[PDB]
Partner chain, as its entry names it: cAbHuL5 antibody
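Below sits a lone chain in structure tokens, taken as the form solved without the partner chain.
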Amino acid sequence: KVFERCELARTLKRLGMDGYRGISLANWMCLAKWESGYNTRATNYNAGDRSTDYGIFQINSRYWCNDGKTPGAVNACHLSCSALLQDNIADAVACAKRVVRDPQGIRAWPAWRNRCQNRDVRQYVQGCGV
């Protein structure tokens, strides 16, 4: 599924992402925007280390979900990577929450630093009713 901007904003709020581990909803919106363009079906193979990024938040198979084919990987979210390709994002959200529980927080995703940190991210949630 390809979400519309405000539709996702509203969904994430409901799933309790606003301010989770100190991260504002606008930050989560900015991340999803640059990672997958709000697409739950998005996958990206990293030829470099043989891992794959899955779903709306482009969660990596080396540490967060099990895809079986990633060498020396762990599954901290306790999910099949398949779970992160569903239209319903409840598993993806639960996993994203698990990722920011580590010291790095939101910095765990390099693209957050490149595209969202120290920016005016208000744009991602303006007029959504969140």
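Residue numbers count along the first chain shown, from 1.
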- Message: If you average the CA temperature factors as listed in the entry, which stretch comes out higher, 15-23 or 118-126?
- Response: 118-126
- Ranked by mean Cα B-factor in the entry, 25-33 and 57-65, top stretch is 57-65
- Query: Per the entry, which of 39, 44, 86, 70 tops the list for Cα B factor?
  - Reply: 44
- Task: Pull the Cα B-factor of residue 80 out of the PDB entry and bin it into the chain's lowest, middle or highest third.
- Result: middle
- Query: Would the CA B-factor of residue 74 place it in the lowest, middle or highest third of its chain?
  - Reply: highest
- Item | Position of residue 52 among the chain's modelled residues by C-alpha B-factor, lowest, middle or highest third | lowest
